[PDB]
Asks: 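For reference, the structure I am asking about is given below.
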Amino acid sequence: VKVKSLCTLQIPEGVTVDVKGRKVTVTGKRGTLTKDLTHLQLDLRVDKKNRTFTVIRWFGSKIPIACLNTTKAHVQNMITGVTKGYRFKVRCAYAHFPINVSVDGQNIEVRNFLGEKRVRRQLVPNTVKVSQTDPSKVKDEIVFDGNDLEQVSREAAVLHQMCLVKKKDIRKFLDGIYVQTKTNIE
RNA sequence: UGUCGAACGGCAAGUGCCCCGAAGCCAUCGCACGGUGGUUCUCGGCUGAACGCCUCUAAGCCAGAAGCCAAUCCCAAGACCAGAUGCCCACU
Ligand SMILES: [K+]
Ligand SMILES: [Mg+2]
Ligand SMILES: [Mg+2]
Ligand SMILES: [Mg+2]
Ligand SMILES: [Mg+2]
């Protein structure tokens, strides 16, 4: 086993990172985020004066060490989402039947997917803001905005998986809703 | 067809036989009724290391089968219910 494995993260000036019992709270200009990491058993340390975040594993084999960079990646995603946000833009791709998408508040209704009469409905959680781009700018573009990368990507994924083609060749029939661009709000 | 003499009333033929026949029972031969949520598999994904890349997976998470569990339905305290309650008595 290795005595000491260490990962360090730098923190931007605006961000505030606090750890207490493997629970990380990240505060930026556009909100706050929380992460429950009590399943990890790592030594999380924040240096406020030097604005560094450190995660340490003591006496670890390969499996515990693999969690260090996972923790650093989660905290970095929280910092980025609390200072810039996440914006996932999905596109409706169809051959013949135009996929009709309605965004009334937090509810997404998908109609006419491959000409079907069934209505696919998604209730986006309140931490993710879903909008629909004007068709004159980009046709069939739905945008997800949020501070949490995991929540935004999960919403885009559940929208993608509501429109899977069943009982047809998948190489053909490329109809679906696919995330195209993953960028930041600011 | 016998038989009480006839008529009436019947009776006998282990319900004489034939027609119709209420009540009751009864026929998918008639009529009524037969629900709702979860945990997950296979699988597809998200975030994400290991392995500066990548990766559904290693930690975490999402969606999810006529399966499985509970709701509903049936029996139900030897499941010994210090659950509630009405009277009488005992103790007070
Ligand atoms: K999976
Ligand atoms: Mg075919
Ligand atoms: Mg007779
Ligand atoms: Mg019957
Ligand atoms: Mg990935």
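Below, all heavy atoms of this structure are taken into account, side chains as well, without hydrogens, waters or symmetry copies. Chain naming here is simple, since letters A, B, ... match the order of the sequence lines and numbering starts at 1 in each.
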Asks: By nearest heavy atom, map A/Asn69 and A/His160 onto RNA chain B; which one lands nearer the 5' end?
Replies: A/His160

Asks: Just by distance, do the side chain of A/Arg91 and the backbone of A/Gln180 share a donor-acceptor pair under 3.5 Å?
Replies: no

Asks: Using the six-membered ring of each base, decide whether B/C53 stacks on its neighbour B/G52 (centre distance under 5.5 Å, planes under 30°).
Replies: no

Asks: Can you find a pair of side-chain heavy atoms, one from A/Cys163 and one from A/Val110, that are under 4.5 Å apart?
Replies: yes

Asks: Look only at the side chain of A/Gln106 and the backbone of A/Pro125, and say whether a donor-acceptor pair between them is shorter than 3.5 Å.
Replies: yes

Asks: Distances for protein N/O vs nucleotides 51-58 of chain B N/O pairs under 3.5 angstrom?
Replies:
from  : atom 1 : to      : atom 2 : distance (Å)
B/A58 : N1     : A/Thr70 : OG1    : 2.8

Asks: Quick one: A/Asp148 CG to B/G60 P, roughly how many Å, whole number?
Replies: 17 Å

Asks: When you look at A/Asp145 and A/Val152, which way does the side chain to side chain contact (heavy atoms under 4.5 Å, CB included) test go after all the steps?
Replies: CA-CA 7 Å; A/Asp145 294 80; A/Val152 174; over 6 Å; no

Asks: Just the table, please: protein N/O against nucleotides 62-64 of chain B N/O, every pair under 3.5 Å.
Replies:
from  : atom 1 : to       : atom 2 : distance (Å)
B/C62 : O3'    : A/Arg154 : NH1    : 3.2
B/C62 : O2'    : A/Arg154 : NH1    : 2.9

Asks: What is the distance, rounded to the nearest whole Å, between atom NZ of A/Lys167 and atom P of B/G44?
Replies: 16 Å

Asks: Are A/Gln76 and A/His74 side-chain neighbours, meaning at least one heavy-atom pair lies under 4.5 Å?
Replies: no

Asks: Using atom types as modelled and distance alone, determine if a side-chain donor or acceptor of A/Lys182 lies under 3.5 Å from a backbone N or O of A/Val179.
Replies: no

Asks: Is the glycosidic angle of B/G35 within 90° of 0, making it syn, or outside that range, making it anti?
Replies: syn

Asks: If we only count heavy atoms from C-beta on, is the A/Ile185 to A/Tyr86 side-chain gap below 4.5 Å?
Replies: no

Asks: Could you tell me which nucleotide pairs with B/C68 by Watson-Crick or G-U wobble geometry, both distances under 3.5 Å, or answer none if nothing does?
Replies: B/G38

Asks: For B/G48, does the glycosidic angle fall within 90° of 0 (syn) or outside that (anti)?
Replies: anti

Asks: How should the glycosidic conformation of B/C53 be described, syn or anti, under the criterion that syn lies within 90° of 0?
Replies: syn

Asks: Any non-hydrogen side-chain atom of A/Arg111 less than 4.5 Å from a side-chain atom of A/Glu116?
Replies: no

Asks: With syn defined as a glycosidic angle within 90° of 0 and anti as the rest, where does B/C73 land?
Replies: anti

Asks: If you check the A/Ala157 side chain, which of B/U47, B/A59, B/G45 turns out closest?
Replies: B/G45

Asks: Please tell me which of A/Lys35 and A/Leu40 maps to the more 5' nucleotide of RNA chain B, matching each residue to the nucleotide holding its nearest heavy atom.
Replies: A/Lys35

Asks: For B/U42, does the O4'-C1'-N9-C4 (purine) or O4'-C1'-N1-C2 (pyrimidine) torsion place it in syn, i.e. within 90° of 0, or in anti?
Replies: anti

Asks: Classify A/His74 by what it touches in the nucleic acid, base, sugar-phosphate, or nothing, heavy-atom distance under 4.0 Å.
Replies: base

Asks: Rounded to the Å, how far apart are A/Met78 CE and B/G60 P?
Replies: 18 Å

Asks: Expressed as a whole number of angstroms, how long is the span from A/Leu68:CG to B/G60:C1'?
Replies: 15 Å

Asks: Below 4.5 Å, heavy atoms only, C-beta onward: do A/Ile99 and A/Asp140 meet side chain to side chain?
Replies: no

Asks: Do A/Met162 and A/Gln122 come within less than 4.5 Å of each other through their side chains, counting heavy atoms only?
Replies: yes

Asks: Does a salt bridge link A/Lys35 with A/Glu150, judged by any charged N lying under 4.0 Å from a carboxylate O?
Replies: yes

Asks: Counting only N and O atoms by type, is there a donor-acceptor contact under 3.5 Å from the side chain of A/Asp169 to the main-chain atoms of A/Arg171?
Replies: yes

Asks: For B/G35 and B/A70, measure between their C1' atoms and round to the nearest Å.
Replies: 15 Å

Asks: If we check the six-membered rings of B/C20 and its strand neighbour B/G21, are the centres under 5.5 Å apart with planes under 30°?
Replies: yes

Asks: Tell me which nucleotide, if any, is Watson-Crick or G-U wobble paired with B/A59 when both distances must be under 3.5 Å.
Replies: none

Asks: Using purine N1 to pyrimidine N3 plus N6-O4 or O6-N4 for Watson-Crick, or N1-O2 and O6-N3 for G-U wobble, each under 3.5 Å, what pairs with B/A12?
Replies: B/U1

Asks: To the nearest Å, how far apart are A/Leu37 CG and B/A49 P?
Replies: 14 Å

Asks: Using a cut-off of under 3.5 Å, enumerate the N/O to N/O pairs linking the protein to nucleotides 65-67 of chain B.
Replies:
none

Asks: State, with a plain yes or no, whether a side-chain heavy atom of A/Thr54 is found less than 4.5 Å away from one of A/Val46.
Replies: no

Asks: Looking at every strand, decide which applies to A/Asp36 at a 4.0 Å heavy-atom threshold: base, sugar-phosphate, or nothing.
Replies: nothing

Asks: For B/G24 versus B/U3, give the span between their P atoms, rounded off to a whole number of Å.
Replies: 45 Å

Asks: Specify the separation, in whole Å, of atom CD of A/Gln151 and atom P of B/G48.
Replies: 14 Å

Asks: Report the distance from atom CD of A/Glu155 to atom P of B/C61, rounded to the nearest whole Å.
Replies: 16 Å

Asks: In whole Å, what is the span from the CD1 atom of A/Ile177 to the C1' atom of B/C46?
Replies: 17 Å

Asks: A/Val15 versus A/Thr83: any side-chain heavy-atom pair under 4.5 Å?
Replies: yes

